[PDB]
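**Q** A single structure is presented below for examination.
Number of protein chains: 2
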Amino acid sequence: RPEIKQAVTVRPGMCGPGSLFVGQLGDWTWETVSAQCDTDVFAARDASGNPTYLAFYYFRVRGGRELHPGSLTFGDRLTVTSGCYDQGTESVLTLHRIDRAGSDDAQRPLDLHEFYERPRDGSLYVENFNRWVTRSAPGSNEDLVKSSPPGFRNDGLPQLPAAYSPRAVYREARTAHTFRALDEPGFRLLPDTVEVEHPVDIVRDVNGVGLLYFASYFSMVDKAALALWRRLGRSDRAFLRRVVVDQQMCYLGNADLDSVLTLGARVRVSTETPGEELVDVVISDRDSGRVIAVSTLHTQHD
Amino acid sequence: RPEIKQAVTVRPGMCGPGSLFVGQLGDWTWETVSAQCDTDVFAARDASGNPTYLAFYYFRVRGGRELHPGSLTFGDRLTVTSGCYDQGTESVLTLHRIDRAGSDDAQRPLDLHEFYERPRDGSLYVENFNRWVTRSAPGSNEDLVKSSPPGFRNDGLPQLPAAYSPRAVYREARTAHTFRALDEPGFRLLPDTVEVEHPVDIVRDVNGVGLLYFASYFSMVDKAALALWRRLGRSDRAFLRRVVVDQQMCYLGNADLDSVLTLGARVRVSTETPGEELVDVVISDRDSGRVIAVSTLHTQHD
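Here the protein sequences come in this chain order: A and B. Per our numbering, the first sequence runs over residues -16 to 285. Per our numbering, the second sequence runs over residues -16 to 285.
Structure, rendered in structure tokens:
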């Protein structure tokens, strides 16, 4: 099928230091899958007739100094190019490239080579690997079950080569609690960590089907990042100037709406380019003994 | 100009117990104004060249037991009808009617008579009265200044009769700190109130131009409503079953991002239909001596 190109003028509901851009990306992923896989994702049902949610599982937003999510303001003209890749019947990979409108070569199609091996400073690259799930019991957000809706057309979707498997990426992150190997050269682990008790925010972070909202995981990760930033005695003003050039998230689990989660954060500082840091956040559900999320942010600051 | 009809399938980014639906409504308001007033609202500039924001000022969402914002789930098919009304060059009123797709008479055009005098149980009615503003100083969110972009075409927009003026509605609400007169019969003021210190949430509630995000005022109002609900010894589970059949909001001010706000809430219980309440929330900026928001929610609960 054709990739979907769209002209987008940045709206209030898709930018700022919160989770709105990630929220908008997610809506585009469900639109792109519905179009390319001949399925209404929004109203999807399993063969048995139960609601099946195309759940976010691995999420990457890669930018750079020249274009990062914090670059976007009201009225900016963007080019968005979207398309899906075959991951079988139970999962699907969606990519989005975001360029400034009118920018040289913004009409170019998706290029796996570009996304996984030659990402350009000035374009934003979004990877959404999603897994169809159902609840195992009504009103439980635990122990979700793999699924697929009838008529899900992954067939003919372009193929991903072995090298570019998001499954390798997330499997290492669940084991290491980072997406950037602790043995990666030119970085030094600061000793300062934080651990924040976070009750599920029922006012803010519940979605339309009673799960924790996928974009709320980015909010909870930045809550932990702020906690750690303040512990480094740095200013709220400076927090809002942070440049996030890369962010990876794995959604290991969801959680019941009466849960108390734990947000853990650590940081590694560059020993090679000043102000550049790696922040790792782990979200736990202590009462169930589950790690429900891992995130790593590649940041630049002052 | 033509009113804009659109078929909408409910997405994750526009429903749930949070502020997403209000966020989506606001984006539709800026799209509708851009279309009908021949102006790019998203990138708007005053004649001098400074950014001008079409700021939310009065916001009403009216539903009923048969269709309220909490009715909306992923994949619901809606009909949205949108259009603007002349309020001069510095302000504009936008209306949205939301019906279930296929519902009897969902093709009907906007009807001021219907919105202000004969609202139907089963349709949602949204009123957004917006005022063009600029900052008075860079990086200040206080003392915003009335404005208008060059080429703003309010001319020919359909007219609003004197009876249906939102200015009368908001002027009374800034004076009384409710949209439902304290002398309204069949209600009784409970004695239980709350007052919550709320630092501006820089992780969550900042928009793409560094103001407090308009939808975050609905989040802060429900934070106060939850505080009061818990004081009435009621359950978080019951909070998520609340039905909001009507909500009015006035944005009296914005606030600097280092502000500590105060959220005050009181409730009146019906003495005529059980479980029906009026909740009033006032948001203050004590340090500047300003009331920055008033909201009243007409609720039904168990």
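All C-beta atoms in this analysis are idealised placements derived from N, C-alpha and C, irrespective of residue type, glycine included.
1. Should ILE81 (chain B) be flagged as near chain A, meaning a C-beta pair shorter than 8 angstroms?
2. Report the neighbours of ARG118 (chain A) on chain B: residues whose CB is nearer than 8 angstroms to its CB, in chain order.
3. List the whole-angstrom C-beta distance separating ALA210 (chain A) from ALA248 (chain A), where the pair is believed to meet the contact cut-off of C-beta under 8 angstroms.
4. Just to confirm my understanding: we take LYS129 (chain A), look at its own chain, exclude 5 residues before and 5 after, and list those with CB closer than 8 angstroms. What are they?
5. Are at least three pairs of beta-carbons, each pair with one atom in the region 49 to 56 of chain A and one in the region -9 to 6 of chain A, less than 8 angstroms apart?
6. Within the present structure, is the beta-carbon of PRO121 (chain B) separated from the nearest heavy atom of ligand 2 by less than 7 angstroms?
7. Using the DSSP secondary-structure output, state which residues sit across from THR77 (chain B) in a beta bridge.
8. For the alpha helix (DSSP H) that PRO149 (chain B) lies in, which residues bound it at each end?
9. Enumerated in chain order, which unbroken segments of the beta strand (DSSP E) with a length of 3 residues or greater are wholly contained in the region 219 to 247 of chain A?
10. For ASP263 (chain B), does the three-state DSSP call read helix, strand or coil?
11. Would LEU215 (chain A) be called buried (16 or more neighbouring beta carbons within 10 Å of its own) or exposed?
12. How long is the line joining the alpha carbons of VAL109 (chain B) and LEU78 (chain B), rounded to whole angstroms?
13. Whole angstroms is fine: what's the gap from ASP23 (chain B)'s alpha carbon to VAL(-7) (chain A)'s?
14. Nearest to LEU223 (chain A) by CA position, among B:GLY85, B:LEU194, B:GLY272, is which residue?
15. Under the rule that 16 or more other beta-carbon atoms within 10 Å means buried, what is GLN231 (chain B), buried or exposed?
16. Taking 6 angstroms as the limit between beta carbons, can you name the residues of its chain near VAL5 (chain A), skipping five residues before and five after?
17. Using only alpha-carbon positions, find the residue among B:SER2, B:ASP21, B:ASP10, B:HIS160 that is nearest to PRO(-15) (chain B).
18. Determine the burial state of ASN33 (chain B): buried for a count of at least 16 other Cβ atoms within 10 Å of its Cβ, exposed for fewer.
19. Considering just the uninterrupted stretch of the beta strand (DSSP E) at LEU280 (chain A), what are its terminal residues?
20. Do you know offhand how far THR256 (chain B)'s Cα is from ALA156 (chain B)'s?
21. Just the Cα atoms here: how many angstroms apart are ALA89 (chain A) and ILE(-13) (chain A)?
22. May I ask you to list the residues that DSSP assigns as paired with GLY47 (chain A)?
23. Consult DSSP for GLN(-11) (chain A) and reduce its assignment to one of helix, strand or coil.
24. For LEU172 (chain A), name the three-state secondary structure that DSSP assigns.
25. Check for me: the beta strand (DSSP E) holding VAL179 (chain A) runs from which residue to which?
26. For chain A, check one thing: does any of its Cβ atoms lie closer than 8 angstroms to the Cβ of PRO132 (chain B)?
27. Identify which residue in B:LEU127, B:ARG101, B:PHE112 has its Cα closest to the Cα of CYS67 (chain B).
28. Just to make sure I have the definition right: I need the residues of chain A whose C-beta is within less than 8 angstroms of the C-beta of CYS(-2) (chain B). Which are they?
29. Exposed or buried, which one is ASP10 (chain B) when buried takes at least 16 other CB atoms within 10 Å?
30. Using DSSP bridges, identify the partner residues of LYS129 (chain B).
31. What are the partner residues of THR56 (chain A), as DSSP defines its beta bridges?
32. Under 8 angstroms, Cβ to Cβ, is there at least one residue of chain B near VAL186 (chain A)?
33. Quick one: what's got a C-beta closer than 6 angstroms to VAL44 (chain A)'s C-beta in the same chain, skipping five residues either side?
34. Applying the 10 Å Cβ sphere with the 16-neighbour rule, what's the burial state of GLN70 (chain B)?
35. At the 8 angstroms Cβ level, is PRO(-5) (chain B) part of the contact set with chain C, yes or no?
**A** Once the coordinates are examined:
1. Locating residue 81 (chain B) in the second sequence gives position 98, counting from the first residue. Chain A contact via Cβ: absent.
2. Numbered from 1 along the first sequence, position 135 holds the residue referred to as residue 118 (chain A). Going along chain B, no residue has its Cβ under 8 angstroms from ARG118 (chain A), so there is no contact; the nearest lies around 13 angstroms.
3. Position 227 of the first sequence holds residue 210 (chain A). Position 265 of the first sequence holds residue 248 (chain A). Their Cβ separation, rounded to whole angstroms, is 6 angstroms, which keeps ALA210 (chain A) and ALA248 (chain A) in contact under 8 angstroms.
4. Reading the first sequence from its first residue, position 146 is the one you call residue 129 (chain A). Result list for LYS129 (chain A): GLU73, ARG114, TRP115, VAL116, in chain order.
5. Short answer: they touch.
6. For ligand 2, the structure offers nothing, since it holds no ligand at all.
7. Numbered from its first residue, the second sequence carries residue 77 (chain B) at position 94. Paired residues: B:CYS67, B:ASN111.
8. Counting from 1 along the second sequence, the entry for residue 149 (chain B) is found at position 166. Looking at the DSSP string, the run of the alpha helix (DSSP H) that includes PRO149 (chain B) is 149 to 159.
9. 226 to 234
10. Translated into positions along the second sequence, residue 263 (chain B) becomes position 280. Strand.
11. Taking the first residue of the first sequence as 1, we reach residue 215 (chain A) at position 232. Counting Cβ neighbours within 10 Å, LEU215 (chain A) comes out exposed, since fewer than 16 surround it.
12. Against the second sequence, residue 109 (chain B) aligns to sequence position 126. Against the second sequence, residue 78 (chain B) aligns to sequence position 95. The alpha-carbon atoms of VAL109 (chain B) and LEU78 (chain B) are separated by roughly 6 angstroms.
13. For the purposes of this step, residue 23 (chain B) is taken as residue 40 along the second sequence, with counting starting at 1. For the purposes of this step, residue -7 (chain A) is taken as residue 10 along the first sequence, with counting starting at 1. For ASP23 (chain B) and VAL(-7) (chain A), the gap between their C-alpha atoms comes out near 11 angstroms.
14. Taking the first residue of the first sequence as 1, we reach residue 223 (chain A) at position 240. Out of B:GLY85, B:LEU194, B:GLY272, B:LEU194 has the C-alpha closest to the C-alpha of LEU223 (chain A).
15. What you label residue 231 (chain B) is simply residue 248 of the second sequence in a count that begins at 1. Classification of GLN231 (chain B): buried, given that the 10 Å Cβ count is 16 or more.
16. Position 22 of the first sequence holds residue 5 (chain A). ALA198, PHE201.
17. Position 2 of the second sequence, counted from the first residue, corresponds to residue -15 (chain B). Nearest C-alpha to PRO(-15) (chain B): B:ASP21.
18. Here residue 33 (chain B) is taken as the residue at index 50 of the second sequence, counted from 1. The residue in question, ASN33 (chain B), is exposed, as its Cβ has fewer than 16 Cβ neighbours within 10 Å.
19. Taking the first residue of the first sequence as position 1, residue 280 (chain A) is located at position 297. Run containing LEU280 (chain A): 273 to 283, per the beta strand (DSSP E) assignment.
20. What you label residue 256 (chain B) is simply residue 273 of the second sequence in a count that begins at 1. What you label residue 156 (chain B) is simply residue 173 of the second sequence in a count that begins at 1. Each residue's alpha carbon lies about 25 angstroms from the other.
21. Taking the first residue of the first sequence as 1, we reach residue 89 (chain A) at position 106. Taking the first residue of the first sequence as 1, we reach residue -13 (chain A) at position 4. In a straight line, the C-alpha of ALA89 (chain A) is about 13 angstroms away from that of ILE(-13) (chain A).
22. Mapped onto the first sequence, residue 47 (chain A) falls at position 64. Answer is A:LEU50.
23. Counting from one through the first sequence, the residue named residue -11 (chain A) turns up at place 6. The answer is strand: DSSP assigns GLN(-11) (chain A) an E or B state.
24. For the purposes of this step, residue 172 (chain A) is identified with residue 189 of the first sequence, where counting begins at 1. Strand.
25. As a first step, residue 179 (chain A) must be located in the first sequence, where it is residue number 196. For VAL179 (chain A), the enclosing beta strand (DSSP E) covers residues 177 to 182.
26. On the second sequence, position 149 is the one that residue 132 (chain B) refers to. Judged by the 8 angstroms Cβ criterion, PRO132 (chain B) is not in contact with chain A.
27. Along the second sequence, one-based indexing puts residue 67 (chain B) at 84. If we check each option's Cα against that of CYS67 (chain B), B:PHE112 comes out closest.
28. As a first step, residue -2 (chain B) must be located in the second sequence, where it is residue number 15. Neighbours of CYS(-2) (chain B) on chain A, chain order: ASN190, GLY191.
29. Here residue 10 (chain B) refers to the residue found at position 27 when the second sequence is read from its first residue. In summary, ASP10 (chain B) is buried, with 16 or more beta-carbon neighbours lying within 10 Å of its beta-carbon over all protein chains present.
30. Within the second sequence, the letter at position 146 stands for residue 129 (chain B). Answer is B:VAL116, bridged to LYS129 (chain B).
31. Locating residue 56 (chain A) in the first sequence gives position 73, counting from the first residue. None; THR56 (chain A) has no bridge partner.
32. Taking the first sequence and counting its residues from 1, one reaches residue 186 (chain A) at position 203. Interface residue, yes.
33. By one-based count along the first sequence, residue 44 (chain A) stands at place 61. Once the five neighbours on either side are set aside, the close Cβ partners of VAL44 (chain A) are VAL109, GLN230.
34. The sequence position of residue 70 (chain B) within the second sequence is 87, counting from 1. By the 10 Å Cβ count, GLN70 (chain B) comes out buried.
35. The structure shown contains no chain C; the protein chains it does contain are A and B.
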